[PDB]
């Protein structure tokens, strides 16, 4: 099936129950290649699952403690077949890729991200690692060894585009397609040669095909989509007679299933983050050319969050216009691909919240909202032929079965949401769902959070002492790890502090709760929820204070992160605020009869928001803006390109980092010209040359086709490197001295 829909109702007994027929059919799909081959009077297909985990999700780290918090990607990998020499030799393999911002030794990423600052290169390296794993699967299939970690590392390095900005030459641009193909070619040829030998000598088993099952969440969903496109580019052979096929070292290859949770392709950063560089024009699902064996992608399911609103987490829908090179027709969904709207914020769909976080799912992962989407994804994948365990290698062990638990209370609450939700395109569903959670906040946050029922079961915040301790211990341990895998011993003072800290937790025993893989995240759900609630309350009351027609906002853009950055429109921001305020208030009156009094029949819904839906947020805040959504080249709101392709638009020099002061209209003053941008060097404070005029105004125009503008800008020549622009300016010469020193 296809198109956009509300989440389906969640069946009472769940989606993990099975029939011997159900199992028979999943098996039957897995063995289709063998059937075709055998009918022509032993053989095996290679079945490969690849899971790209989400932002700040790391399976090793997140699942190691007593309150584990594995994402749905990790859960699906745990329940996937492909572990061990035996099963691999039987042609089933599975691979897990940790999320960006977490340690990944295989790509030599030895430190976690700082305060959620995530560059594009981590994403690209994860995609390329993914590509390499396919090579590894074939390599093991034929030669009974696996690629050495040294060689994986080298391959990933060879395939990189090495983005940087230098004072001498400006942007360093490399062609990813060329580099990936070049790096993969020696191995693909070796493997093809081996397959030739085996075929001409009649060696068994006859290797038939490669069939892929791919799961992604968040930036890992972005990575999966780019992966699918880069793979299609690599394997599209499609010559001779003009028949089009996809082959990987001679072998037919297809993605049998692409399962995505809430795609976010944004650089890790009112500035609105745009795509990481590798994600531009690669979010669009693969288009097929002109049993079924012509197609590259057989099935894609994308489950998306309705209630996520963070500027840092824009959605990429899998909706897009047919496309020549030229786009024609309305935005719609490609055959065999479907997009479902789900309640909750980002990790309420992808998984990743632990029991009791923010007082949600207190006592039990079976109460965690993300368990519904998980089961749904499972069922879809199982239907599409995925090598999945069920409730001996084909069967889930207790731990993994419990990772898929859904309680009936959860099912009931979810279904109340599902039943009130109204059909429409994604934009309208977002408008209305934003209104619903706003309505809930008017009571639970604007009505004073401290005394609400659910807030009482938010776990108490970690004491300040333990917070500082854990942090400093983590800091030291992490630097040790990084310097090793790539430190001088602690000074007397540092060691005394270390031991104070080791004491502030109950001793050396506790040190193994340190996760080097992720940045330390202290339990501060009370302070954070109370803070957020005070924010929402302020925004919703609108007691602004003194206001000017204009506002000045500032920020440093780090062009080394390899991403695009936008500004949103003041008028549109004002109207969004107003529509949310109005819809929200109106819905409030159907949600509650009075303060703290839920209207009859609305209990299960209000309880879902109280005890299941998290608050990823925890002039005005993101509570009063709609989430940004991309549909390929198009977006749901107007955007102006502030920076892309490594330059700040209008800045007449290339620089690694650029300070900005932006003057624009205060949208608050619109409730009842393009922004003025000035740039400086952050290191010295010196003003950077600006250029302006009509052409530049056109490049900066607010449009709902930001992909088009990003492409257009990328086609234009860049500003000169700092060393060229400085030959005239003593000022820029100081800038250059500073930049050069770094």
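Numbering follows the first chain given and starts at 1.
Worksheet entry | Interresidue gap class [residue 486, residue 487; deposited sequence, unmodelled] | Gap between residue 486 and residue 487: 1 to 3 unmodelled residues.
Worksheet item: Should the segment between residue 618 and residue 619 be described as having none, 1 to 3, 4 to 9, or 10 or more unmodelled residues of the deposited sequence?
Response: The entry has a long gap there, with 10 or more residues left out between residue 618 and residue 619.
Worksheet item: Going by the B-factors listed in the PDB entry, is the mean over the C-alpha atoms higher for 212-220 or for 153-161?
Response: Looking at the recorded C-alpha B-factors, 153-161 comes out higher on average.
Practice prompt. Output the stretch having the higher mean C-alpha B factor in the entry; the candidates are 398-406 and 429-437.
Written response: For C-alpha atoms only, the mean B-factor is higher in 398-406.
Worksheet item: Based on what the PDB entry reports, which of 58, 49, 32, 703 has the top C-alpha B-factor?
Response: That would be 32.
Worksheet item: Which one of 710, 694, 679, 70 shows the biggest C-alpha B-factor in the PDB entry?
Response: The record points to 694.
Worksheet item: By the record's CA B-factor, is residue 448 among the lowest, middle or highest third of residues in the chain?
Response: Its C-alpha B-factor, which the entry lists for residue 448, ranks in the middle third among residues of this chain.
Item to complete: Classify residue 673 as lowest, middle or highest third according to the C-alpha B-factor given in the PDB entry, relative to its own chain.
Response: It falls in the middle third of the chain.
Practice prompt. Would you please rank residue 382 by its C-alpha temperature factor against the other modelled residues of its chain and give the third it falls in: lowest, middle or highest?
Written response: Middle third by C-alpha B-factor.
Discussion item. Could you place residue 631 in the lowest, middle or highest third of its chain by Cα temperature factor, using the values in the record?
Written reply: Bottom third by C-alpha B-factor.
Fill in: Chain thirds of CA B-factor: placement of residue 515
Its C-alpha B-factor belongs to the highest third of this chain's values.
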